[PDB]
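Below: one structure, written as structure tokens.
Residue numbers (the working numbering), protein chains in the order written: chain A, 37 to 44; chain B, 37 to 44; chain C, 842 to 1119; chain D, 842 to 1119; chain E, 13 to 111; chain F, 13 to 111.
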């Protein structure tokens, strides 16, 4: 499964 | 890296 | 050998034409196994390796919703980067991420990574240590301090050292611990005219998997890399790949040259020469 | 061997054409590695060798900021020198500085220096003791006073013994691989028929690097030096250098002369003779 | 920071005149990902050309395979035409069955 | 105190008639830094001429390299022309294949 991304 | 110059 | 779980992310703005295109593609050892594409009729996480059909509807429902949430982050990233780089709201821009882990044959992590790119240029990257970031320009510097402040690297680290690793093993299970499916290359040489006291010998490697292969031309034991023409390996479109290497030789010395094909599916590398049809 | 880090600084006024043109160029062992030019689109410090791309955005930012500060110092310097020599407001003038350190193989400062010039003439230089200033003329004495008492001898000594030496080591580290490259000259002799009775033999050295080279002609053991024509060593434009040395000799005696090519890239000096072409 | 597409045109199976085959146009090493690919028979557009999904590689550049069903003959010329912003003009690469 | 430009005009590679090459014009030993350099083909100004960045050396004098793409033939004349405060007239230096 993928990472939960936050914003740059 | 270069020198920081003051004046003449 | 070693093993990998990588996710490749793409978000691309297209001013005027609608909302950002958003894609998530997963890979187990270079093999694509899931994919999300926000331009699909019904945007959901979809299996791409038939061995993924093992997972329950919850998996798909929950990774779909994860994709949707990622889409929002990247869509906001796009907006943020227009601010950082003083770029127009009317232009088309691209964010890419490659994120993943490589675990060893023993099942231990050998390397976690996460790399960002903006319009095709490195933007920011997590270091070997899983603790610090490497910014590539002034804009990425702003990202690096925000994430250092938020401790984002500790949270990414936990994913890479744990979640990523466990599902890697898990996916390796379903897709067989080290799925080296293998089609060895079928090779042959063709013969073609050149400004006419010269001829071209072309060595073909066909129907092979996986993509990794090496062809060489030898003259009396030596490898002719200067003067060999090579094409980049290419998909036949059916799951297998093709390659060729050619060499220009004097008319009448065709039998002085040998082609060598090396591939993990070959017990022994292939040796071949031009054969005038018997 | 020994090593050097030097900055070459240029400020050129141009009343009637806008603001002073300002440039910094850094050299590691006579190899340009960074440059700032106030006339470029978006002026900032730039890498000039591929091995500088290692330094991240913090480095580029900080050195750009210091360039922009140096520029102001030097703009003010131009005005001040206009008056020190009571010159007109509409004339163009140049200030140059050479500044940096040469260090021994042991890593110890073999000598620090900082030379200024006005309109191509020496203005002031710092002494091989990093303490005193050799002024070259009139108003350079004023300057020397100011840097003596007002205490700039200390700030510059520590840059030169500390900061300068420290960064030189680092650049070599990243550099090394490329810095130490050496291309040996390819050489040959050409023949040119002269004011009738005589001929010119010209010894060429091509494709070599670095620029350091020596060419001589010999007539049976003895060197002609006091009698060759020779051109200044010149760039090929691709990163290598060219030179030739020529001598006038009697027709039919070409085979009595030998050309010698000395270059650190050479196992042994090259020795060559004119050859009647195939 | 645009990247110019590289292109190969080639069939899936060894070409034999009169025998149905697949013709490929494999486009790589390009950025940004927007791209238009046409396939042509004797200078005329082929209508039904399939596009694979777009993927990208470790160097960030994109790649894609376009393909269409064809029956090679002795004289029919086939080509692939690619329009991309890296390039002043649309680029055309002709099928050579020996390649 | 002003310094007079020195000039050499030479090709990057061994001149071969009809073979694309690079013609250089290397200007050294000059001060002040302002200088105008043109490359000429048969007395006429060549428009596509690139200029390196300017450096100066240990004696304070400036140097720069100008170069242009060209293809020598048996009869074309090449030259480099330099205008500079240190001189009353523009100084033209002709390309010599053996220098």
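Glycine included, C-beta positions come from ideal geometry on N, C-alpha and C.
Residue i - partner residues in DSSP beta bridges
i, result
"residue 851 (chain C)", "C:864 and C:937"
"residue 888 (chain C)", "C:875"
"residue 105 (chain E)", "E:92"
"residue 76 (chain E)", "E:39"
"residue 1088 (chain C)", "C:1042"
"residue 958 (chain D)", "D:937 and D:963"
"residue 1055 (chain C)", "C:1103"
"residue 1060 (chain D)", "D:1063 and D:1098"
"residue 21 (chain F)", "F:37"
Cβ of residue i within 8 Å of any chain F Cβ
i, result
"residue 933 (chain D)", "yes"
"residue 875 (chain D)", "no"
"residue 916 (chain D)", "no"
C-beta neighbour in chain B for residue i, strict 8 Å
i, result
"residue 940 (chain D)", "yes"
"residue 883 (chain D)", "no"
Test: residue i CB closer than 8 Å to a CB of chain D
i, result
"residue 975 (chain C)", "yes"
"residue 922 (chain C)", "no"
"residue 978 (chain C)", "yes"
"residue 967 (chain C)", "no"
Buried or exposed by the 16-neighbour rule on C-beta atoms within 10 Å, applied to residue i
i, result
"residue 1054 (chain D)", "buried"
"residue 29 (chain E)", "exposed"
"residue 865 (chain C)", "buried"
"residue 990 (chain D)", "exposed"
"residue 13 (chain F)", "exposed"
"residue 939 (chain D)", "buried"
"residue 1046 (chain C)", "buried"
"residue 1027 (chain C)", "exposed"
"residue 953 (chain D)", "buried"
"residue 1009 (chain C)", "buried"
"residue 1016 (chain C)", "buried"
"residue 71 (chain F)", "exposed"
"residue 855 (chain D)", "exposed"
"residue 926 (chain C)", "exposed"
"residue 1066 (chain C)", "exposed"
"residue 1084 (chain D)", "buried"
"residue 955 (chain C)", "buried"
"residue 982 (chain D)", "exposed"
Assumed close pair residue i, residue j - CB separation to whole angstroms, cut-off 8 Å
i, j, result
"residue 33 (chain E)", "residue 83 (chain E)", "7 Å"
"residue 38 (chain F)", "residue 1076 (chain D)", "7 Å"
"residue 911 (chain D)", "residue 850 (chain D)", "7 Å"
"residue 1056 (chain C)", "residue 1101 (chain C)", "7 Å"
"residue 998 (chain D)", "residue 971 (chain D)", "4 Å"
"residue 108 (chain F)", "residue 1043 (chain D)", "Not quite, the Cβ-Cβ distance comes to about 11 Å (not below 8 Å), so this is no contact."
"residue 41 (chain B)", "residue 1000 (chain D)", "About 10 Å separates the two Cβ atoms, so there is no contact after all."
"residue 886 (chain C)", "residue 877 (chain C)", "5 Å"
"residue 963 (chain D)", "residue 935 (chain D)", "No, residue 963 (chain D) and residue 935 (chain D) are not in contact; Cβ-Cβ is about 13 Å, not under 8 Å."
"residue 41 (chain E)", "residue 18 (chain E)", "5 Å"
"residue 1071 (chain C)", "residue 1052 (chain C)", "Rounded, the Cβ-Cβ distance is 14 Å, inconsistent with contact."
Secondary structure of residue i, DSSP reduced to three states
i, result
"residue 42 (chain E)", "strand"
"residue 61 (chain F)", "coil"
"residue 963 (chain C)", "strand"
"residue 952 (chain C)", "strand"
"residue 1114 (chain C)", "coil"
"residue 924 (chain C)", "helix"
"residue 1017 (chain D)", "coil"
"residue 14 (chain E)", "coil"
"residue 42 (chain A)", "coil"
"residue 975 (chain D)", "strand"
"residue 1028 (chain D)", "strand"
Near the ligand NAP: residue i beta-carbon under 7 Å from a heavy atom
i, result
"residue 900 (chain C)", "As far as ligands go, the structure on display features none, and thus does not contain the ligand NAP."
C-beta neighbour in chain A for residue i, strict 8 Å
i, result
"residue 1135 (chain C)", "Past the edges of chain C, shown from 842 to 1119, lies residue 1135 (chain C), and the structure says nothing about it."
"residue 1082 (chain C)", "no"
"residue 1030 (chain C)", "no"
"residue 907 (chain C)", "yes"
Short CB-CB distance (under 8 Å) between residue i and chain C
i, result
"residue 902 (chain D)", "yes"
"residue 1003 (chain D)", "no"
Cutoff 8 Å: residue i Cβ touching any chain E Cβ
i, result
"residue 937 (chain C)", "yes"
"residue 1033 (chain C)", "yes"
"residue 1040 (chain C)", "no"
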